[PDB]
Every structure is written in C-alpha cells, then in structure tokens.
Amino acid sequence: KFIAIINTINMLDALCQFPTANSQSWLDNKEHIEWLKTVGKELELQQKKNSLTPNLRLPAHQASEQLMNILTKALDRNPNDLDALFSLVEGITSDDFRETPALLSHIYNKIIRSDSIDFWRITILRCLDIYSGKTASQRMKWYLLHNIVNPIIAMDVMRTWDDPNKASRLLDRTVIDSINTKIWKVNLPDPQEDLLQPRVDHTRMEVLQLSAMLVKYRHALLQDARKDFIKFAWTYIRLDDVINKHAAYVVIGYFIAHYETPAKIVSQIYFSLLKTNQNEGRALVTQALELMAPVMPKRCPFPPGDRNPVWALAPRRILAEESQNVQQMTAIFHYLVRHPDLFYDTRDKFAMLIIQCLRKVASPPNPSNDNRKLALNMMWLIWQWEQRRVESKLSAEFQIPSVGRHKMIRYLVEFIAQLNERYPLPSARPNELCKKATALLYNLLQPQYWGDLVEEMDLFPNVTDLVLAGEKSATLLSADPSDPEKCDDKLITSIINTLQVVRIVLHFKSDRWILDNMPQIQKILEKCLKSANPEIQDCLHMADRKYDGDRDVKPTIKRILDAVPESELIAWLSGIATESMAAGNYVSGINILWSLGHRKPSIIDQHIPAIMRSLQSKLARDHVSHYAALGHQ
Amino acid sequence: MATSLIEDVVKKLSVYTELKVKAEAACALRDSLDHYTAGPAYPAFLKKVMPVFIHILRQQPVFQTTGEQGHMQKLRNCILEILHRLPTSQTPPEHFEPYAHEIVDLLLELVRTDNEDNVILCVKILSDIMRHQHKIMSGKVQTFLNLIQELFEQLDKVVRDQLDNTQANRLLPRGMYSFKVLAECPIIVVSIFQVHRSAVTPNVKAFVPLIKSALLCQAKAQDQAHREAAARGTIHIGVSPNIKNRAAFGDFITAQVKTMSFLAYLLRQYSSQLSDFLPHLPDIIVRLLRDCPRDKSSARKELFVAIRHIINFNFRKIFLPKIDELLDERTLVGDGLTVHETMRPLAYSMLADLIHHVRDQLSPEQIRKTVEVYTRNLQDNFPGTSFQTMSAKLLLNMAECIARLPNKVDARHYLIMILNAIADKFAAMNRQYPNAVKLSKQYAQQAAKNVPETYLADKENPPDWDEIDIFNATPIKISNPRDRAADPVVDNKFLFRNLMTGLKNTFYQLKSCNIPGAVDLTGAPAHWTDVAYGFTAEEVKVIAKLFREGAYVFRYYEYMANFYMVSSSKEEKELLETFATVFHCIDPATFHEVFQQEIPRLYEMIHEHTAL
C-alpha cells in the first residue's frame, strides 16, 4: 500500500506544477484533503520507525515534503479560511507532519503583509481566543500562535512611523480590552500548579515579549490599564525560572522608565537587581539597569543640599556586604562605569573603594581581557571625575589622599608595563588599550592635576630594573634581531612600553632631579642605547605628533641633553657612538650622533671620518646596487 | 571612636529597644570594620570580643525567628560574620593563632549542636580558619574528620526520615537533618585535603563506602515512578508528583551532584580505591539526569562539567551501553527553558566528543541515531554558527566510520542522507543572503557611530524589518550581539568553507561502497574505473540539488581572465576548484544527465556572480 501512496503523492504533486492553468480547482475539495492528511500521517508514522522496506526510504522522505508542499498550496487559495490554517498548525505542532519553509513563507506574504487593517484584528482575536484558556491546544501550539501574533504588531508599528502622531487604528479599544482580560486582568490563583505541563515557559516568555513590545511602542495607550499591568508584572516576578524572572524585571523597568511609580517599588526592584549574582541572564540585568537607573533622580528626588541618597548608599551597602564574591564587584563596577555623572557627587565613598579594588579586579600575573578593560574603564571613570571637578572649579572639595594617588599611579605603571599590545612605531615590521592607558597617564600628571606629585616620585626602580636590566633581557637586547629564537615578542613589547612610560614621566620631571639622578638614568639607559634594534632607537630618539595622539612629549635623549647646563653625559654618549660605529652597528651610532648634533654641532667634527666611511662603504653602495638591480629586473 | 567604646562597654555590662540598639551597633561595627580590620590594635579587640561571644554562644538554641529571637539571631549573625570577614591571612603579624584552640573547639561544638542558619556559617568559618591557622591547629583535624564522617553516615537516615517515613510560625530543625550543610561539605573537605597532607591516606578508605552509599541512595516515589514508566515502555522525567516537599527533593539532587563532583575530583589518583564502583556510574548518571528538576539549571551545568571531567580520564568504555539512552533529547536536556536557551552546545559537544572517541565499537542502530540527531542539529536556528560547525565536523568525522558497516545498503543510505543534509543547509544559507548583507552594513555604521546604546524608540533609527526578522523584533534581548561582535557574512563564509572541505572526504568514502556485481564494467576508460556507480532516480535529484544550491552560495564573496589578482581572490578560486573536483568522482552517465539539466540554470546564475 505504501508504494501506491507514494505514487499517488508523486502524481498529485506533478499535477498543479503549472498553476497558471486554472486546473487547481480540484484543491478546494475537503474530503480529498482529509484523505491526503490521513495517508500522510500514516506514512510519516511508518517512517518514524524503521519499518519500511530498505528499498523505500528516500522515496518516502521526498514524498513527505511533496505532501507538505501540496497542503500549503491548497492553503494558499482562500487565505481567509483560517480554520484550515489552525488545523494545519495543530497537525504540525502535534508531531504529525514535518515542517517545511513553505508554511512560514505563506504566513508571511499572506497574513503578516496583508494590505488591510481588517483581517488583522480578527486574526489577533482568534489567536487570543485559542490562547485564552479553552484547553484543546497544547503549549507548542500556543507558542506558534504567538509566532504569528507578534509579527503583525511589529509590522503595524513599522507602517505607522511618521511625524503626525500616527494612531494605531488596528489597536482599537476592543483589542486592548480583550488582551487585558485574557492576559493582564486574569490573576492566576496558583500558576505554579500549572507548571506540571511542558513548554509553558516558552508561552510565558512570548506573552512577556508581547507586553514589553506593546509598552515600549504604545505607552500612550495603557493609561487605563497601568494598575493591571503593574499587578501582572509583579506577579510574574515570583516565577522560579531565571529567564522568565529577568524578563519580568525588564518589563517592569520598561514601565518605570515610561511611567511614574512611587519610590518604594523602584527602590525595592533596584536593590533586588543589585543583589543578583547568577551568571545567567546577565544581559537582561544590564538592560534593566540601563532602562531604570538614568531616570532614578526623577523617581527618587533628594532634598536640596543633601548628598546622601538612599539609592546612592545601597550600592555601597552591597559592596560592603558581599565583598567576598568577585562576581558581585565586577557587576557593580560594570554598572558604575556606564554612569559617571550620577555618582560624581557621591564619589567621596567610591573613589577609595575603586582604588583598593583595582588590584583585585585584574591579576598582575595573568588577567583576562574583560578584567583589563574593566580596570581601565574604572581608571577612566575616576579621571573623568577629576576632570569634572577641575572644570566645575574653573567654571574644600573632596580630594583623594596622596597615598591613594601613589598606589593608583604605581598600579597603572605596572599595568602599562605588563600590557599585551605594542606601542605603534614608524619602524614596526609589517593597540587601543595601550593608547588609552598612555593618554590617561599623560593627562593625570598635568601640573594643575596630580602633576604636583612628580617631585617626590622616583623612577619606579623595581619595575624598571626587573624589565630592562634583566640578564635575559640584556642578552636578548644584545642578541641579533635576525634570529627569531632571541626575538621574544612579549619581552620586547614590555621594553617598548616601559620606555614610553619613562619618557612620559621624564617629560614632567625637574631639571635638578635629572642632574642629581644622572647616574641612575645612565645605568638604566646604557643597555638600550647600545641596542641594534630599530624600534628601540625609535622609542629613544623619535617623537612624532601622529603616533603620540596629539601630545607634545619631547624625546628622552633631547630632554636629558637640554637639562645639561650650556658634561659627563656628552662624553659618555660620544664614547657610545664611537664604539658603536667602530663595531659596525650604524643604527645606534647614527641616531646618537643625530641627537648630539641637534644639541651641539661642535662634537661631530671628530666623528666626520666614521660617518663618511660608513656612507662610502655600506649604505649608499647597497642603495645604489639595489636600485641598479631593480633597473636590471 | 567614642561610639565604639560606649557600645563595647554596654555589651560588656550586658552580661527590645536595648537589644535592637545592640544589634544595630554590632552590625554597624561589622560594616565599618574596614577602617579597623588591619592594624596594630587588633589583639586588644580580639581578646576583648572573644569572651563575650563565647559566653553568649553557650545559651540554648533558639528556633523561633520573631521578636527578641530574631534580634538575637541577627546579633549572632553579624557577630560571627566578623570571624569570616577578618583578615585571617597567614601573614607574620597574625595575632589570632595563639588564642585559637578554645574558640575553634567551641565553634565545632556549635556545629555539632547548632542549626542550619548557624551551622552553615559555623562550618564555613571553621574551613576558613583551618585554611590559614593550620600552623598549630594541626592536631584537631581528627575531630573534624570524625564529624564529617558522622554527617555522611547519618545522611542515609535523614534522607529516610525526610522521604520514606515522612515561615515565622515554622520551627527550625537541627542542622544535622539538613541537606544544605551536606551539599556544602564536599568543597570544605577538598579544601582541607589541599591544606594538610598527614590525614589523607587512611581516611579516603573510610570515605569511599560513604560516598558509594550516598550516590546509591534513591527515593522510593521516584524509584516506583521510573519502574512504572519502564513497564509502560516510556521514560519518566522531571519530579514525581508524589513528592510532598519539592524543595527537599531539589536539595537532595544538589547534594547528589556535589557528591558526584567530589568523586570526579577524587578519581584523579585514588581511582584504584574506587575500581569496584565503576559499573554503577553510568546508570546513576542517567538517573540523576532524568530526576534533575527543570528549574535548577546550575545543578545540570555542574553535572555536565563533572561528566566532562570524568570522561577526560579515559574511562569511556563503560559508557557504551547507555550511549543510545543518552542520545534522547529529553534525558540530556529536559524541559528547562534556560537550559534549552543556554547550555545545549555544551551538552552536545561533550556527547560528540564521547561518541567520537569510542566510534570503533558502535552498532548500526547507534550510528543511525547519531546521524539523525546531528543532521537535525545542523539545521538548528541558533544565533551563531559554532554549534552548526561542531555538528558538521562530527558528521564528517563519522562519515569515515559509517563506511565499515557489514551491510552496504545502509552505509550508502547514510552517506546519501549526509549529502542531503548538506544540500539543505546550503539552501538555508542561500535564503538568508540579503538579511546578512543588510545586518553587516548596519553593524558597520553602528560601530562607526560610537555612542552608548539605549533600549528606547528613536526617530533617527526607523525599524526596518524583513522576512528573516519574523521572531527577532521584540524588545527583550537574551544575549546582545554587541558582546559577540559577530559579522554574519564572515560566519557564513567560515561554515561554507568547512562544509566544502568535508564534501570531498565524504564523496571519497562513498566511492568505496559499490555493491559488487551490481553494474557491468566490461569496457570503460581507465579514468572511470574507481568512481561511484549505481544511482537510482532519487539520488540523482540529491546530487543535482547539491550542485545547484552550492553554486549559488558564492555570492557571499562579492574581463574574467583576471591575469592579476582582481575581483575574485585566491581563496575563492581554490574553493571553486575544490567544489568542481567533487563531481569528477561519479558515473559518467550521471554526470551527463545532471549537467545537461543544470546548464541553463548555471548560465542564468553567471549573470549575477561573474566569477562562476
């Protein structure tokens, strides 16, 4: 019998392959459709088990798709016959057929895009009636009914996007009243007892999504159902499922942003959201906080002259209570950075906490990228607070204790030293975090800003020594750049970053400090000045506006030379240049002589012969030879 | 400072309003100790606070949670929190060490006699004290191991009382009959083992029977539910309705998964002591998966990570009989919404790894079930493409093993099914091209804007939507794409490249499954000797659809001689060569009758993508 069924299905599918013939009138008979559905259900049930003979598998597989296409084609004629559509949907969702794109491609292009405000309200009401209790329809069917309900509302919203306060004639009073009665006004005596059926969570999520969309896009139509909406949202918060609970929180936050609520509920919801610690639904909590917090001052005004809001102390309260859990601190800081203006006033109780927790958030040994981003973001937040204070003063305010500033500065220096990215240079062979960190460090040390601290600041001896004077680092710097084995990228990146930070700090030092500390500067830079790697020399000597991000930070060599009164440094540099040129390492010698000449021309007279010999021997010779070879090619 | 001194003297002379004031002062000191947690004056406060707390703690247990009872409960809570919150590190200037014996003994006695809401914090305090104060408290680990052994021994009787023999107005039971402390114990025990090393060798032998019995423990209601479900031939999942206390059930499963994690941790080196217990492990895993409540997703995630840790130890051979049972989606995932929305890739990836490792000894039915399940997984609508890529890679890997089946008909059928699944995926990808292009452009513009994102209506951003946005136009966002930072075009190209690479291997494997004697090859060119033969009318359709859908996906790479690298790049050219080489390995008659039918469609297609 199955061979006969397959042949009949194939013949019927072959028929109606040319719809522009008026020969499809045979699809209007209902007995034929029912018989087709029965035989199709039998064939599909036989397929589900490995019962068919091994010769009839693929033909039946293809016949099932042919049958579904035939059913959709029959459905296409007379779209308004919704009973057939509901029966087909029930069959699909009841594990009787196999879904095919044709059903959705018909739903779209016949119902969702129907060019009539009528035939939408009828469909919405019928879908709600099927959803509105009545049983006789499993949960999957309700979800698939919401699948058709929501797109109609979305399309109506899209079609009425214009200036003259366009009204939604589709959203008449009757449809809103029916929605209220069937979803909002209905107070479930014990919806938990109904949890003993599968897939209900998906229907609950769908109704929550529908309500959220309706609020967000037609807030002006819920003035007669505000209270019912509040009761609905609050009742659904009790759900034990994480995602449903957070969706309810998002809905209530939407309403709070779009409406007025007494401060008790907003405070309670905010406090409850802050205590949240489960890593699931993090994005939902982020969205809820973003929607709620900005309008908090309007919802929670404070007396004039009062700088201790309850909602301001609540985050501090949780920070104190749950300091043992790192996830809570990460979440609270993530919330805090996004809104610096609101907490600018209360920074008094937050700045020290941020500075202390900076070390905890990011581990010096091996932190994660998100941790680094968060630490840099909090750094930028406090910098923004300081800039706001300075601008307000220009246009006895709290200031951080010097101990906190020192700890922050040393931590930032170490973080820049141990950064992953490499500072861009003109000589790099063929970066945002490093740029931001360097810009922040430069901005902080300005004179009116914390720049008053440089006088007592040393040159970070521990970090500078362990990064530059290391024996492994020394030999790698003295190693051949050509050999990849002695070209550890991470170490060289660390050298470049430490060189940049020492340059920035020296740009702010005092001449007397440089003269006094000359031996330490010599000890630190002696290893690097002999390097044959172009990047190191570019770091030491070159200083270009393009790569500095609009910062006038003169090179280190120029600064130290200008510090010398119009000495030992000049003789030392001349000796380095002489020994480098003699050894054949022109890269260091040329740069050193360039800097010296830019300082005082009188010293290159005894160096002219070496420069001339190098030019006549290697550089110009190889350049001309290369261009001659290119011409030959 | 005066407030602290007056509060301290009031407390000292103590031995509603007065009790409320004392609670406020004590818990405010708890909150504000950050200014005094570390300092040279700590010894004085320590020695002056310990006696009062010890004297107060000697009072009888209080079970009520209202009025003065609640007041004293809060007093004790925010008094004992100091011990945990204090800097109890092992630094040289530690001053608690010399005065720890009496306090830790009293805390152990409290754990013996206190209640849930107190014993939990007491055991946590004991664990944190032992983590740092082991220098001189090393001799009292015997009492702690004896107490935890007693708890593990009485777990059975408490479970029996709670299941078999079974807020202000409530009465708080004794902590000895609570599942929370039992569930929290394993982490503390592991930490203690990590700290010390002198009391690990002999105690593991005593622990092993206890963990074995705890894992073997079962509820009569759930057991009979499973038995009747098996009798009916079906499988029962969820929570048995006969259970009157669902929360107790959930706590029991949480304790079970914690014990399973402890077993996985202990199996690292002490596996020799647990050799006899291996055969019951898979059945217990299946039972726990079936009985796990839908709501408790964290328990399921912990169970998944535990199974990953156990399978990594090369003990896979024992899981073979239950492979068929685990394939069922109801057992592996369940009805949980959060699980279905977040953790499906993890479970299916671990199952794919397990199947891949032990592929050698799989029966035909298991092969068929895996092929069906992962072909269905390939067509899923997950937001990304990593899940699809994993499913495709598993299918391609299993293609090689599918060709070793004794029956050639089944092997040919399964290979053809894999090809059909790939063709359907190509069609699905073809269906989403304009949406992907539009979303790529929109993401580029949005990233260019560089402004904070707000979830509110905006006139500057008209809500454009199309066919592919049927169920993605609602305000709620389960996971923001911004965190992913994914470009649909790039992901589609990656998936397409992976599928194209696997196609050649699949066709080569199919090349070695001809049924001997099916067709006559008396005279044939040497070029057409090892190719695949014997195609029916239904497989030519599959091959033609494969070609026609594969050719049209090259739009994602958007005169012709192109002597220099222009228009089409090296990657596109090599992908085209790989795609064309696939059709060199079929019967010449099939080649003729396929391309004689496909040439007009190809000619039409060239007008849109000239690189074809």
# chains A, B, ... in the order shown; residues from 1 in each chain; ligands from 1
>>> residues_around(residues="residue B:273", least_positions_apart="2", cutoff="8 Å", atoms="only C-alpha atoms", output="list in words")
residues 205, 208, 270, 271, 275 and 276 of chain B
>>> interface_residues(of="chain A", to="chain B", cutoff="6 Å", atoms="only C-alpha atoms", output="MDAnalysis selection string")
chainID A and resid 151 213 241 283
>>> residues_around(residues="stretch 161-173 of chain A", least_positions_apart="5", cutoff="9 Å", atoms="only C-alpha atoms", output="number ranges by chain")
A: 117-118, 120-121, 153, 156, 178, 218; B: 459, 462-463
>>> write_last_selection(atoms="C-alpha atoms", output="PDB file, in the first residue's frame")
ATOM      1  CA  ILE A 117      -6.358  46.866   8.744  1.00  0.00           C
ATOM      2  CA  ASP A 118      -9.219  44.391   8.746  1.00  0.00           C
ATOM      3  CA  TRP A 120      -5.664  41.574  11.323  1.00  0.00           C
ATOM      4  CA  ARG A 121      -7.980  42.233  14.270  1.00  0.00           C
ATOM      5  CA  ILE A 153       2.019  44.105  15.756  1.00  0.00           C
ATOM      6  CA  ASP A 156       1.786  47.713  12.203  1.00  0.00           C
ATOM      7  CA  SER A 178      -9.524  41.660  25.257  1.00  0.00           C
ATOM      8  CA  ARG A 218       2.453  52.450  22.566  1.00  0.00           C
TER       9      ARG A 218
ATOM     10  CA  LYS B 459      13.166  58.562  15.278  1.00  0.00           C
ATOM     11  CA  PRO B 462      13.426  53.639  11.657  1.00  0.00           C
ATOM     12  CA  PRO B 463      12.607  49.968  12.405  1.00  0.00           C
TER      13      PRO B 463
END
>>> residues_around(residues="stretch 247-258 of chain B", least_positions_apart="5", cutoff="8 Å", atoms="only C-alpha atoms", output="ChimeraX atom specification")
/B:162,179-180,182-184,186,214-215,288,291-293,296,299,302-303
>>> write_last_selection(atoms="N, CA and C atoms", output="PDB file, in the first residue's frame")
ATOM      1  N   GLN B 162      13.131  12.024  55.818  1.00  0.00           N
ATOM      2  CA  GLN B 162      12.560  13.109  55.029  1.00  0.00           C
ATOM      3  C   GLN B 162      11.705  12.609  53.871  1.00  0.00           C
ATOM      4  N   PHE B 179      19.928  19.165  54.287  1.00  0.00           N
ATOM      5  CA  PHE B 179      20.699  18.825  53.099  1.00  0.00           C
ATOM      6  C   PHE B 179      21.677  19.919  52.692  1.00  0.00           C
ATOM      7  N   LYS B 180      21.469  21.156  53.147  1.00  0.00           N
ATOM      8  CA  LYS B 180      22.331  22.256  52.721  1.00  0.00           C
ATOM      9  C   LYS B 180      23.759  22.062  53.217  1.00  0.00           C
ATOM     10  N   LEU B 182      25.169  19.247  54.112  1.00  0.00           N
ATOM     11  CA  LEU B 182      25.735  18.091  53.426  1.00  0.00           C
ATOM     12  C   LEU B 182      26.212  18.467  52.028  1.00  0.00           C
ATOM     13  N   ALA B 183      25.422  19.266  51.307  1.00  0.00           N
ATOM     14  CA  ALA B 183      25.819  19.689  49.969  1.00  0.00           C
ATOM     15  C   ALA B 183      27.036  20.604  50.007  1.00  0.00           C
ATOM     16  N   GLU B 184      27.151  21.441  51.040  1.00  0.00           N
ATOM     17  CA  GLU B 184      28.297  22.336  51.158  1.00  0.00           C
ATOM     18  C   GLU B 184      29.555  21.628  51.646  1.00  0.00           C
ATOM     19  N   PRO B 186      31.365  18.879  50.721  1.00  0.00           N
ATOM     20  CA  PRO B 186      32.449  18.381  49.853  1.00  0.00           C
ATOM     21  C   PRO B 186      33.510  19.414  49.506  1.00  0.00           C
ATOM     22  N   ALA B 214      25.922   7.099  49.503  1.00  0.00           N
ATOM     23  CA  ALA B 214      25.201   8.334  49.213  1.00  0.00           C
ATOM     24  C   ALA B 214      24.772   8.383  47.753  1.00  0.00           C
ATOM     25  N   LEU B 215      25.676   8.020  46.841  1.00  0.00           N
ATOM     26  CA  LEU B 215      25.326   8.009  45.425  1.00  0.00           C
ATOM     27  C   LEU B 215      24.252   6.969  45.135  1.00  0.00           C
ATOM     28  N   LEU B 288      20.217  10.487  37.592  1.00  0.00           N
ATOM     29  CA  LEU B 288      20.312  11.870  38.044  1.00  0.00           C
ATOM     30  C   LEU B 288      19.875  12.835  36.950  1.00  0.00           C
ATOM     31  N   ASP B 291      16.081  12.730  36.818  1.00  0.00           N
ATOM     32  CA  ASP B 291      15.403  13.215  38.013  1.00  0.00           C
ATOM     33  C   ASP B 291      15.740  14.659  38.360  1.00  0.00           C
ATOM     34  N   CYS B 292      16.642  15.297  37.628  1.00  0.00           N
ATOM     35  CA  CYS B 292      17.018  16.668  37.949  1.00  0.00           C
ATOM     36  C   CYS B 292      15.837  17.602  37.698  1.00  0.00           C
ATOM     37  N   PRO B 293      15.449  18.435  38.666  1.00  0.00           N
ATOM     38  CA  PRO B 293      14.363  19.388  38.414  1.00  0.00           C
ATOM     39  C   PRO B 293      14.706  20.340  37.279  1.00  0.00           C
ATOM     40  N   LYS B 296      16.343  23.964  38.333  1.00  0.00           N
ATOM     41  CA  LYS B 296      17.731  24.025  38.794  1.00  0.00           C
ATOM     42  C   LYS B 296      18.660  23.725  37.620  1.00  0.00           C
ATOM     43  N   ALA B 299      22.581  23.097  38.687  1.00  0.00           N
ATOM     44  CA  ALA B 299      22.893  21.709  39.004  1.00  0.00           C
ATOM     45  C   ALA B 299      23.196  20.918  37.740  1.00  0.00           C
ATOM     46  N   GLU B 302      26.661  21.880  36.471  1.00  0.00           N
ATOM     47  CA  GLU B 302      27.683  21.226  37.281  1.00  0.00           C
ATOM     48  C   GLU B 302      27.781  19.746  36.939  1.00  0.00           C
ATOM     49  N   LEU B 303      26.639  19.096  36.716  1.00  0.00           N
ATOM     50  CA  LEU B 303      26.654  17.696  36.308  1.00  0.00           C
ATOM     51  C   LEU B 303      27.370  17.524  34.974  1.00  0.00           C
TER      52      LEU B 303
END
>>> residues_around(residues="stretch 106-111 of chain B", least_positions_apart="3", cutoff="7 Å", atoms="only C-alpha atoms", output="JSON, numbers by chain")
{"B": [102, 103, 114, 119, 122, 123]}
>>> write_last_selection(atoms="N, CA and C atoms", output="tab-separated table (two decimals), in the first residue's frame")
chain	number	residue	atom	x	y	z
B	102	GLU	N	40.52	27.30	72.02
B	102	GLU	CA	39.23	27.34	72.70
B	102	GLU	C	38.12	27.77	71.75
B	103	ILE	N	38.38	28.78	70.93
B	103	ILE	CA	37.33	29.30	70.05
B	103	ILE	C	36.97	28.27	68.98
B	114	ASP	N	24.30	23.35	66.74
B	114	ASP	CA	23.58	24.49	66.20
B	114	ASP	C	22.63	24.05	65.08
B	119	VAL	N	24.79	26.65	61.59
B	119	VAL	CA	25.82	25.65	61.31
B	119	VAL	C	26.48	25.92	59.98
B	122	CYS	N	28.98	28.48	60.62
B	122	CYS	CA	29.99	27.94	61.52
B	122	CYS	C	30.98	27.04	60.78
B	123	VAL	N	30.47	26.18	59.89
B	123	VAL	CA	31.36	25.30	59.14
B	123	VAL	C	32.19	26.11	58.15
>>> residues_around(residues="residue B:4", least_positions_apart="5", cutoff="9 Å", atoms="only C-alpha atoms", output="CSV table (one decimal) with N, CA, C and O atoms, in the first residue's frame")
chain,number,residue,atom,x,y,z
B,9,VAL,N,31.3,48.8,76.0
B,9,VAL,CA,31.1,48.8,77.4
B,9,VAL,C,29.6,48.4,77.7
B,9,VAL,O,29.4,47.6,78.7
B,25,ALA,N,24.4,48.4,66.7
B,25,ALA,CA,25.8,48.8,67.0
B,25,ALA,C,26.7,47.7,66.5
B,25,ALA,O,27.7,47.9,65.8
B,29,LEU,N,29.3,48.0,63.4
B,29,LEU,CA,30.7,47.7,63.6
B,29,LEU,C,31.2,46.7,62.5
B,29,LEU,O,32.3,46.9,62.0
>>> select_by_dssp(residues="stretch 49-200 of chain B", states="alpha helix (DSSP H)", output="PyMOL selection string")
chain B and resi 49-57+68-85+101-113+116-132+141-159+179-195
>>> residues_around(residues="residue B:509", least_positions_apart="3", cutoff="12 Å", atoms="only C-alpha atoms", output="list in words")
residues 396, 397, 398, 399, 400, 401, 402, 403, 404, 411, 412, 414, 415, 416, 418, 419, 502, 503, 504, 505, 506, 512, 513, 514, 530, 531, 532 and 585 of chain B
>>> write_last_selection(atoms="C-alpha atoms", output="PDB file, in the first residue's frame")
ATOM      1  CA  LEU B 396      32.075  14.465   8.568  1.00  0.00           C
ATOM      2  CA  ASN B 397      34.279  12.563  11.022  1.00  0.00           C
ATOM      3  CA  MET B 398      31.640   9.847  11.457  1.00  0.00           C
ATOM      4  CA  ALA B 399      31.328   9.554   7.670  1.00  0.00           C
ATOM      5  CA  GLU B 400      34.564   7.546   7.564  1.00  0.00           C
ATOM      6  CA  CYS B 401      33.334   5.054  10.166  1.00  0.00           C
ATOM      7  CA  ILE B 402      29.901   4.762   8.533  1.00  0.00           C
ATOM      8  CA  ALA B 403      31.509   3.004   5.545  1.00  0.00           C
ATOM      9  CA  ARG B 404      32.612  -0.033   7.601  1.00  0.00           C
ATOM     10  CA  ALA B 411      26.126   2.672   4.513  1.00  0.00           C
ATOM     11  CA  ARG B 412      25.109   4.056   1.121  1.00  0.00           C
ATOM     12  CA  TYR B 414      23.531   7.081   5.453  1.00  0.00           C
ATOM     13  CA  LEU B 415      26.111   8.740   3.198  1.00  0.00           C
ATOM     14  CA  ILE B 416      23.345   9.915   0.855  1.00  0.00           C
ATOM     15  CA  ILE B 418      24.536  13.255   4.939  1.00  0.00           C
ATOM     16  CA  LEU B 419      24.828  14.711   1.435  1.00  0.00           C
ATOM     17  CA  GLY B 502      34.310  17.964   4.169  1.00  0.00           C
ATOM     18  CA  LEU B 503      32.408  17.251   0.947  1.00  0.00           C
ATOM     19  CA  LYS B 504      35.428  15.745  -0.819  1.00  0.00           C
ATOM     20  CA  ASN B 505      36.171  13.344   2.037  1.00  0.00           C
ATOM     21  CA  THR B 506      32.536  12.242   2.202  1.00  0.00           C
ATOM     22  CA  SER B 512      34.402   2.670  -1.750  1.00  0.00           C
ATOM     23  CA  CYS B 513      30.934   1.217  -1.108  1.00  0.00           C
ATOM     24  CA  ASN B 514      29.849  -0.139  -4.506  1.00  0.00           C
ATOM     25  CA  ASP B 530      37.171   3.678  -9.345  1.00  0.00           C
ATOM     26  CA  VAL B 531      34.263   6.162  -9.486  1.00  0.00           C
ATOM     27  CA  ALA B 532      30.970   5.501  -7.698  1.00  0.00           C
ATOM     28  CA  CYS B 585      34.012  11.021  -8.937  1.00  0.00           C
TER      29      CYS B 585
END
>>> closest_residue(among="A:595, A:50, A:537, A:371", to="residue A:326", atoms="only C-alpha atoms")
A:371
>>> closest_residue(among="A:458, A:465, A:414, A:76", to="residue A:525", atoms="only C-alpha atoms")
A:465
>>> closest_residue(among="B:26, B:15, B:83, B:305", to="residue B:52", atoms="only C-alpha atoms")
B:15
